[PDB]
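Asks:
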Amino acid sequence: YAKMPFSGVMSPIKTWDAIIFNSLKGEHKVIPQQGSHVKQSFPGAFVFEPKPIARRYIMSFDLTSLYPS
Amino acid sequence: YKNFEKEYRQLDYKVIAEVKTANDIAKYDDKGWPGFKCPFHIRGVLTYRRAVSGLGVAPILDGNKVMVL
Amino acid sequence: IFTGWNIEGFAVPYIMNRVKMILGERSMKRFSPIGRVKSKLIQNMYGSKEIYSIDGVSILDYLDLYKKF
Amino acid sequence: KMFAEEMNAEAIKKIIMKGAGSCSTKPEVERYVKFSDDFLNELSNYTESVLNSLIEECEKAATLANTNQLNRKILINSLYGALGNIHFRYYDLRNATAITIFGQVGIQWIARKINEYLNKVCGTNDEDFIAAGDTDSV
Amino acid sequence: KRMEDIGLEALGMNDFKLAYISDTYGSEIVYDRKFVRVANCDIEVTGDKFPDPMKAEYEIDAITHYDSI
DNA sequence: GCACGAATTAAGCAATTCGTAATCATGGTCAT
DNA sequence: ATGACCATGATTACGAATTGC
Numbered sequence: 347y348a349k350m351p352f353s354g355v356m357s358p359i360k361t362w363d364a365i366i367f368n369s370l371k372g373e374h375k376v377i378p379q380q381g382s383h384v385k386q387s388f389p390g391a392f393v394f395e396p397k398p399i400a401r402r403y404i405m406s407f408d409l410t411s412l413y414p415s
Numbered sequence: 761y762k763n764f765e766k767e768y769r770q771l772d773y774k775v776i777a778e779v780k781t782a783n784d785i786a787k788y789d790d791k792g793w794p795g796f797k798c799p800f801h802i803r804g805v806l807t808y809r810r811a812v813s814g815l816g817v818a819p820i821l822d823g824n825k826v827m828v829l
Numbered sequence: 209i210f211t212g213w214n215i216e217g218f219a220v221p222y223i224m225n226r227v228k229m230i231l232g233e234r235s236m237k238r239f240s241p242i243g244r245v246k247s248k249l250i251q252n253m254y255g256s257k258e259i260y261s262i263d264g265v266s267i268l269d270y271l272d273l274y275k276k277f
Numbered sequence: 485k486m487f488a489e490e491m492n493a494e495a496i497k498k499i500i501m502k503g504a505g506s507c508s509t510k511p512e513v514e515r516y517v518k519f520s521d522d523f524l525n526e527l528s529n530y531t532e533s534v535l536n537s538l539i540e541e542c543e544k545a546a547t548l549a550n551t552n553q554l555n556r557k558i559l560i561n562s563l564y565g566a567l568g569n570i571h572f573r574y575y576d577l578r579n580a581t582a583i584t585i586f587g588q589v590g591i592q593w594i595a596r597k598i599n600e601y602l603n604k605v606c607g608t609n610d611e612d613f614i615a616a617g618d619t620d621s622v
Numbered sequence: 071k072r073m074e075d076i077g078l079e080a081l082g083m084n085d086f087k088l089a090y091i092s093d094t095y096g097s098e099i100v101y102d103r104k105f106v107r108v109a110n111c112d113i114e115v116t117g118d119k120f121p122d123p124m125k126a127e128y129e130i131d132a133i134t135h136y137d138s139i
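Protein sequences, first through last, are from chains B, P, W, Y and Z.
Note that the deposited numbering numbers the first sequence so that position 45 is 391, with each residue one more than the last.
Note that the deposited numbering numbers the second sequence so that position 43 is 803, with each residue one more than the last.
Note that the deposited numbering numbers the third sequence so that position 62 is 270, with each residue one more than the last.
Note that the deposited numbering numbers the fourth sequence so that position 83 is 567, with each residue one more than the last.
Note that the deposited numbering numbers the fifth sequence so that position 63 is 133, with each residue one more than the last.
1) Any idea if residue 717 of chain P is buried or exposed, counting beta-carbon neighbours within 10 angstroms, 16 or more meaning buried?
2) Cβ of residue 77 of chain Z less than 7 Å from any chain W Cβ?
3) Check the Cβ-Cβ distances between residue 360 of chain B and every residue of chain Y, and say whether any is below 7 Å.
4) Out of P/776, P/772, P/783, P/811, which has the shortest C-alpha to C-alpha gap to residue 791 of chain P?
5) Within 10 Å of its beta-carbon, does residue 593 of chain Y have 16 or more other beta-carbons around it, so buried, or fewer, so exposed?
6) Thinking just about the alpha-carbon of each residue, which of Z/92, Z/135, Z/114, Z/137 is nearest to the one in residue 129 of chain Z?
7) Ordered along the chain, which non-local residues of its own chain (more than five positions away) have a Cβ less than 8 Å from that of residue 539 of chain Y?
8) Any C-beta of chain W sitting closer than 7 Å to the C-beta of residue 376 of chain B?
9) Are there 16 or more other CB atoms within 10 angstroms of the CB of residue 361 of chain B, so buried, or fewer, so exposed?
10) Using the three-state DSSP reduction, which class does residue 555 of chain Y fall into: helix, strand or coil?
11) Considering Cα atoms alone, identify which of W/236, W/212, W/221 is closest to residue 249 of chain W.
12) What whole-angstrom Cβ distance do residue 587 of chain Y and residue 619 of chain Y have, given they're in contact under 8 Å?
13) Would you say residue 349 of chain B faces chain Z, with C-beta separation under 7 Å as the test?
14) Would you mind listing the alpha helix (DSSP H) stretches within the segment 552 to 604 of chain Y that are 4+ residues and don't spill past its ends, in chain order?
15) Since I believe residue 570 of chain Y is in contact with residue 385 of chain B (beta carbons under 8 Å), could you give me their beta-carbon distance rounded to a whole number of angstroms?
16) For residue 279 of chain W, does the three-state DSSP call read helix, strand or coil?
17) List the whole-angstrom C-beta distance separating residue 573 of chain Y from residue 380 of chain B, where the pair is believed to meet the contact cut-off of C-beta under 8 Å.
18) Tell me whether residue 376 of chain B is buried or exposed, calling it buried when 16 or more other Cβ atoms sit within 10 Å of its Cβ.
19) Which partner residues does residue 210 of chain W have in the DSSP bridge list?
20) At what residues does the beta strand (DSSP E) containing residue 778 of chain P begin and finish?
21) Is residue 546 of chain Y helix, strand or coil when you go by DSSP?
22) Which residue comes first and which comes last in the beta strand (DSSP E) that contains residue 525 of chain Y?
23) Please report the distance separating the alpha-carbon of residue 549 of chain Y from that of residue 529 of chain Y.
24) From residue 394 of chain B to residue 805 of chain P, what does the alpha carbon distance come to, in whole angstroms?
25) Out of B/352, B/372, B/359, point me to the one whose CA is closest to residue 87 of chain Z's CA.
26) Helix, strand or coil for residue 827 of chain P, going by three-state DSSP, please let me know.
27) Span of the beta strand (DSSP E) holding residue 374 of chain B?
28) Run through chain B and tell me which residues come within less than 7 Å of residue 249 of chain W, C-beta to C-beta.
29) Hey, is residue 324 of chain W's beta-carbon within less than 7 Å of any beta-carbon in chain Z?
30) Three or more C-beta pairs closer than 8 Å, one from the segment 810 to 826 of chain P and one from the segment 209 to 218 of chain W: is that the case here?
31) Counting along the chain, where does the alpha helix (DSSP H) carrying residue 355 of chain B start and finish?
32) Could you tell me the alpha carbon to alpha carbon distance between residue 79 of chain Z and residue 264 of chain W, rounded to whole angstroms?
33) Can you give me the C-alpha to C-alpha distance between residue 354 of chain B and residue 546 of chain Y, rounded to a whole angstrom?
34) Start and end of the alpha helix (DSSP H) containing residue 763 of chain P?
35) Quick check: residue 562 of chain Y and residue 358 of chain B, are their CB atoms within less than 7 Å of each other?
36) Taking only the alpha-carbon atoms, compute the straight-line gap between residue 100 of chain Z and residue 566 of chain Y and give it to the nearest angstrom.
Below, the structure written as C-alpha cells:
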C-alpha cells in the first residue's frame, strides 16, 4: 500500500515518506529535499493528578485518534 | 488475607520465592559474601555459593535467573 | 570576521533561526558569500546548545576568545 | 466491507444449518461486496461441501478486510511519531509543538467544562468531579 | 553533492528504490500470499559452553527451516 | 574533533538498598 | 534499699548510587 521495500515496514518514518510521495506525485507535484534540524525536546503527553481515594460510581470517555484529529 | 497468610506458608518453597534474574554477581562477590549495595538476588546467589561450597553442585554465574528466598 | 559577546550562544543562532522561520531557508543561506549555511548540532558539553557555521565568514565568539586568551 | 463479510458469514452459516441440495455447479461469486438475495436463495441448496467453499471464500475476504483495517490503524497511529523525528522529511518543530500543546489545552478545557456542567446539574460547588485523565481519555 | 556544495535544494526522492517502485508499478498492486516464500528458521547446537553468537565455535546438530510455498 | 549511512527519542520519578546518624527502648553496676 | 547513668540493641531519615517505562 505504501510502495516500499519490505524491511522498511519496520520503520514508520519511511512508511509515511513513501505514501506522501506517492500521493503527491499522483498529481505531478514535487517533494522538498530532506534538510536538517536540531534534536529538540518539547512538551509531550500530559496526565492529570488523581487524589488517591476510592471511586464508587465513575464514568469514562476517550478521543478517537486525538493527534490525527 | 488471613487464609492466604495460612496457605502461603504451607506452600512449596519453589513456588513462592521471588523470581529475579541474577547478573553482575562478580562485583559484589566479596569473599563469597554480599558486597556494598548488593541487590537481594545477588545476595541470595552468594549465599547459595557459600552454602553449596563443598557440595560439588552446579554454581551460579553472571546472567543466570534465580529464585530468591 | 563576525564577532560579539556570547555570539554563537545567543546572537548567531537567533538571527538565523528567525530568518529561517520568517523568510525561509533560501534567504537564510544568503548570509554566506557562497550560499552555504550548515547547522552543527552538538555542543557536546551537556549537549545543550547548537553552534552555527556560515561558510565564508569566520565566526569567532568574543566570549570564548576572552575565556581562552 | 468487513461488516459486510461478517454478515454474509452469518447468512451462509444459517443457510448451511437450514436447507440443503445437490448442486455440482460452482458459479463465480462476487467479492468485496454483499451477495444478492436472489443469488443466495438459489445457492441455499448447497448441502455442506459447496456451502463450505462459500464459507472459506467469505472467511478469507473478511481476513483481508480486517488486515487492511489494522494497516490503516497502524498508519494513523504512527503518523504523530513520524512527524516528530528530526530525520523525517517534513519535520517542523512548530507543528509538533502545536499539536501537543493543543492536545494538552483541549483535554484540560474539556475537563473544565465537565466540572462546570456537573456542578450545575448536581447543584454543588467547586467539587473536582474529574478522577484521572490521560492526554486523551478521562 | 555538486548542488549541495552550491547550496540550492535538490528536490526529488533521494532514495531511488522508491522511485523505481513508483515509476514501474504506478497502479494499485495486487498480490497473492501463495507466491511469497516466507521462511522460519530455528537452531540447536550441542556445546558445553554457553552459545556465543560471534565466536561460532561448535558444529550445528539440529537445524529446522519451514517454507511456506 | 570527521563524512556519511538504520533515526524507536533521555529523562522523571519508581523503586531499592546499604552506610551512617539521631533517637530511643532497655540492661549492669553503682551512690544510696 | 532505688533509681540513675553508661553502655548496648531496634527504629526511622537521609544520602548516595542503579534501573525502568
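Yeah, the Cβ is synthetic: ideal placement off N, Cα and C, and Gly gets one too.
Replies: Considering the structure as presented:
1) Outside the modelled stretch of chain P, which goes from 761 to 829, sits residue 717 of chain P, for which no answer is possible.
2) Sequence index remark: in the fifth sequence, residue 77 of chain Z carries index 7 (1-based). By this cut-off, residue 77 of chain Z is an interface position.
3) As a working note, residue 360 of chain B is residue 14 in the first sequence. Chain Y, which has no Cβ nearer than 7 Å to the Cβ of residue 360 of chain B, makes this no.
4) Taking the first residue of the second sequence as position 1, residue 791 of chain P is located at position 31. Looking at the Cα atoms, P/811 is the closest of the given residues.
5) Counting from 1 along the fourth sequence, the entry for residue 593 of chain Y is found at position 109. Burial call: exposed.
6) Translated into positions along the fifth sequence, residue 129 of chain Z becomes position 59. Nearest option by C-alpha distance: Z/114.
7) In the fourth sequence, the residue the question calls residue 539 of chain Y occupies position 55. If we look at residue 539 of chain Y and ignore the five residues flanking it on each side, its Cβ neighbours are 493, 496, 497, 500.
8) Position 30 of the first sequence, counted from the start, is the residue given in the question as residue 376 of chain B. No - not a single Cβ of chain W is within 7 Å of the one on residue 376 of chain B.
9) On the first sequence, residue 361 of chain B is found 15 positions in, with the first residue counted as 1. It counts as buried.
10) In the fourth sequence, counting from the first residue as 1, residue 555 of chain Y sits at position 71. The answer is helix: DSSP assigns residue 555 of chain Y an H, G or I state.
11) Within the third sequence, residue 249 of chain W is the residue found at index 41, counting from 1. Residue 249 of chain W has its Cα closest to that of W/221, out of W/236, W/212, W/221.
12) Here residue 587 of chain Y refers to the residue found at position 103 of the fourth sequence. Here residue 619 of chain Y refers to the residue found at position 135 of the fourth sequence. With 8 Å as the limit, residue 587 of chain Y and residue 619 of chain Y qualify as a contact, their Cβ atoms being about 5 Å apart.
13) Along the first sequence, read from residue 1 onward, the residue named residue 349 of chain B stands at position 3. It does: the Cβ of residue 349 of chain B has a partner Cβ on chain Z nearer than 7 Å.
14) none
15) Translated into the one-based positions of the first sequence, residue 385 of chain B becomes position 39. Translated into the one-based positions of the fourth sequence, residue 570 of chain Y becomes position 86. Right, their Cβ atoms sit about 5 Å apart.
16) Because chain W here runs from 209 to 277, residue 279 of chain W falls outside it and cannot be looked at.
17) As a position in the fourth sequence, residue 573 of chain Y is number 89, starting the count at 1. As a position in the first sequence, residue 380 of chain B is number 34, starting the count at 1. Right, the Cβ-Cβ distance comes to about 5 Å (below 8 Å), so this counts as a contact.
18) Start at 1 with the first residue of the first sequence, and residue 376 of chain B comes out as number 30. Counting Cβ neighbours within 10 Å, residue 376 of chain B comes out exposed, since fewer than 16 surround it.
19) Locating residue 210 of chain W in the third sequence gives position 2, counting from the first residue. BP columns for residue 210 of chain W point to W/267.
20) Indexing the second sequence from 1 puts residue 778 of chain P at position 18. Element bounds for residue 778 of chain P: 778 to 782.
21) Residue 546 of chain Y sits at position 62 when you count from the first residue of the fourth sequence. The answer is helix: DSSP assigns residue 546 of chain Y an H, G or I state.
22) If you number the fourth sequence from 1, residue 525 of chain Y lands on position 41. That residue, residue 525 of chain Y, is in no beta strand (DSSP E); its alpha helix (DSSP H) goes 521 to 526.
23) Locating residue 549 of chain Y in the fourth sequence gives position 65, counting from the first residue. Locating residue 529 of chain Y in the fourth sequence gives position 45, counting from the first residue. For residue 549 of chain Y and residue 529 of chain Y, the distance between alpha carbons rounds to 28 Å.
24) Within the first sequence, residue 394 of chain B is the residue found at index 48, counting from 1. Within the second sequence, residue 805 of chain P is the residue found at index 45, counting from 1. Using only the alpha carbons, I get a separation of about 42 Å.
25) Looking up residue 87 of chain Z in the fifth sequence gives position 17. That would be B/352, whose Cα lies nearest to the Cα of residue 87 of chain Z.
26) Working through the second sequence from its first residue, we reach residue 827 of chain P at position 67. Of the three classes helix, strand and coil, the one that applies to residue 827 of chain P here is strand, per DSSP.
27) Here residue 374 of chain B refers to the residue found at position 28 of the first sequence. From DSSP, residue 374 of chain B is part of no beta strand (DSSP E); its letter is neither H nor E.
28) Stepping through the third sequence from its first residue, residue 249 of chain W is reached at position 41. Going along chain B in sequence order, the residues near residue 249 of chain W (Cβ under 7 Å) are 384, 385.
29) Residue numbering for chain W in the displayed model covers 209 to 277; residue 324 of chain W lies beyond these limits and cannot be assessed.
30) no
31) The residue labelled residue 355 of chain B in the question sits at position 9 within the first sequence. Note, residue 355 of chain B: premise wrong, no alpha helix (DSSP H); not H, not E.
32) For this step, residue 79 of chain Z is matched to residue 9 along the fifth sequence. For this step, residue 264 of chain W is matched to residue 56 along the third sequence. So the alpha carbons of these two residues sit roughly 19 Å apart.
33) As a position in the first sequence, residue 354 of chain B is number 8, starting the count at 1. As a position in the fourth sequence, residue 546 of chain Y is number 62, starting the count at 1. Computed Cα separation, rounded: 26 Å.
34) The residue you call residue 763 of chain P lines up with position 3 of the second sequence. Start and end: 762 to 770.
35) Locating residue 562 of chain Y in the fourth sequence gives position 78, where the first residue counts as 1. Locating residue 358 of chain B in the first sequence gives position 12, where the first residue counts as 1. Closer than 7 Å, so yes.
36) Within the fifth sequence, numbered from 1, the residue matching residue 100 of chain Z stands at position 30. Within the fourth sequence, numbered from 1, the residue matching residue 566 of chain Y stands at position 82. Rounded to the nearest angstrom, the two C-alpha atoms are 27 Å apart.
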